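One structure below.
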Amino acid sequence: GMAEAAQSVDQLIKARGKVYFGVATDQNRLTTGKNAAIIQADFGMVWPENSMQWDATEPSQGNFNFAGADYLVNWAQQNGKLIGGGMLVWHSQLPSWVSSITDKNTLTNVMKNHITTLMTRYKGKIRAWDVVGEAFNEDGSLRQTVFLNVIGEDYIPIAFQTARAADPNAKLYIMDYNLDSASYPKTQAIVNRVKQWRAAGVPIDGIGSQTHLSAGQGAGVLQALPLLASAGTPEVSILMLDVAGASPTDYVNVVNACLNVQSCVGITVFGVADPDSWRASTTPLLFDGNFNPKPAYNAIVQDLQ
Ligand SMILES: O=[N+]([O-])c1ccc2nn[nH]c2c1
């Protein structure tokens, strides 16, 4: 048929003892193309690209919109897929009403209410939440977001403690990008800070590495991911994965990094088909514009056998 025979990378990675091979998606994708069909066949977990971000879910203080998030949760449950959520605390997609707050107590209450409301709504149904995203500067210091500037460094401890109470079953992650190389200061810095936060009792269950790679950089993940795992969190994960050129070598190296790290639970790719990627011109995903698996997909299948 037009659809091509294939194997599920999610089925294969589970048979290797990992939890999932996942994909970022949302309602716009699930209703179009072959996205739903490919996700049903080949992936075991879904993450909302945008529908759980702060601008989508709490556009006005205390006025929540769960329509896109509900769609994804409902779709995942109906299709037997795990669900991840996030990002609960992130500077990038933040409504103006939040970034304009200057009172530390107010912003703390706002952040806690945002975390608690989103996590409570889906309590027991979500595998993992990305509680704090992109909290680090490239030099390893903390990024000067409204949360850091107004609340101070304690915002990370408070966010995680609040998330734990909202849904004790969820795995709570901190996530950042440019953690793909051991040579990079951000990688060692997040490890050191996470070690110190865990010594302070912060319930950081996971470090998620947002893995946007250019050609050849897969090999670096083989040293970076073990370094991330040395922070001692229960879990690490590869997330938002895409690879310029989608070389089988790079993708297989990332997969093998996860297989080589006992605490790595799985891998999430940043979409299904190349034309829908934020980097589409670099054809960086595992399915082409015809929704057929690319050589990198086949190479992952062969590596996971
Ligand atoms: O693993 N992901 O691709 C992914 C996509 C969007 C997200 N928002 N929060 N966490 C996310 C993870």
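Cβ: placed from backbone, ideal geometry, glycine included. Neighbour counts: every protein chain shown. FYI, it's all coordinate maths here, none of it is from the lab.
Out of all the residues in region 275-296, which are in contact with a strand residue (DSSP E or B) (Cβ under 7 Å, 6 or more places away or on another chain) and either acidic (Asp, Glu) or surrounded by 23 or more Cβ atoms within 10 Å (Cβ to Cβ) (or both)?
Pass one, region 275-296, residues in contact with a strand residue (DSSP E or B) (Cβ under 7 Å, 6 or more places away or on another chain): 277, 279, 284-289, 291, 293-294.
Listed by number, the residues that qualify are 284, 285, 286, 287, 288.
Can you tell me which residue is nearest to residue 289 (Cα to Cα) among those in region 13-28 that are out of contact with any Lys or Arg (no Cβ under 9 Å at 6 or more places or on another chain), touching a residue at least 24 places away in the same chain (Cβ under 8 Å) and more than 12 Å from the ligand (Cβ to nearest atom)? So, considering only residues that are out of contact with any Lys or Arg (no Cβ under 9 Å at 6 or more places or on another chain), touching a residue at least 24 places away in the same chain (Cβ under 8 Å) and more than 12 Å from the ligand (Cβ to nearest atom), the one nearest to residue 289 (Cα to Cα) is 27. Whenever a residue of region 146-170 is free of Cβ contacts under 8 Å to residues at least 40 places away in the same chain and among the aliphatic types (A, V, I, L, M), its partners that are assigned to a helix (DSSP H, G or I) and surrounded by 14 or more Cβ atoms within 10 Å (Cβ to Cβ), lying with C-beta atoms within less than 9 angstrom and at least six residues away or across chains, give the pairs 148/155; 148/156. Of the residues in region 29-41, not one is surrounded by fewer than 22 Cβ atoms within 10 Å (Cβ to Cβ), more than 16 Å from the ligand (Cβ to nearest atom) and under 21 Å from residue 96 (Cα atoms). In region 68-123, which residue that is among the basic types (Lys, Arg) and closer than 23 Å to residue 164 by Cβ is nearest to the ligand (Cβ to nearest atom)? Residue satisfying both the conditions and the ranking: 121. For region 105-117, check the following and say yes or no: at least one residue is touching a residue at least 24 places away in the same chain (Cβ under 8 Å), farther than 16 Å from residue 26 by Cβ, of a type in the set (S, T, N, Q) and crowded, with 19+ Cβ neighbours inside 10 Å. Looking through region 105-117, at least one residue is touching a residue at least 24 places away in the same chain (Cβ under 8 Å), farther than 16 Å from residue 26 by Cβ, of a type in the set (S, T, N, Q) and crowded, with 19+ Cβ neighbours inside 10 Å. For region 184-205, indicate whether the set of residues that are touching a residue at least 24 places away in the same chain (Cβ under 8 Å), crowded, with 18+ Cβ neighbours inside 10 Å and assigned to a strand (DSSP E or B) is non-empty. Within region 184-205, not a single residue is touching a residue at least 24 places away in the same chain (Cβ under 8 Å), crowded, with 18+ Cβ neighbours inside 10 Å and assigned to a strand (DSSP E or B).
Inspect all residues belonging to region 247-269 and state whether any of them is under 21 Å from residue 32 (Cα atoms), crowded, with 20+ Cβ neighbours inside 10 Å and within 19 Å of the chain's Cα centre (by Cα).
Yes: region 247-269 contains one or more residues that are under 21 Å from residue 32 (Cα atoms), crowded, with 20+ Cβ neighbours inside 10 Å and within 19 Å of the chain's Cα centre (by Cα).
Which ones in region 118-130 are in contact (Cβ under 8 Å) with a residue 60 or more places away in the chain and farther than 12 Å from residue 69 by Cα?
Result: 127, 128, 130.
If you take the residues in region 234-244 that are touching a helix residue (DSSP H, G or I) at 6+ places or on another chain (Cβ under 7 Å) and buried (at least 24 other Cβ atoms within 10 Å of the Cβ), which one is farthest from residue 276 (Cα to Cα)? This residue is 236.
Going residue by residue through region 271-284, is there one that turns out to be of a type in the set (D, E, K, R) and closer than 16 Å to residue 19 by Cβ? Please lay out each step first, then the result.
From region 271-284, those of a type in the set (D, E, K, R) are 274, 276, 279; that's our starting set.
Those still in the list that are closer than 16 Å to residue 19 by Cβ too: none.
Looking for residues that are of a type in the set (D, E, K, R) and closer than 16 Å to residue 19 by Cβ, one finds none in region 271-284, hence no.
State which residue is nearest to the ligand (Cβ to nearest atom) when the search covers only region 143-188 and only residues that are among the polar types (S, T, N, Q) and within 19 Å of the chain's Cα centre (by Cα). Result: 178.
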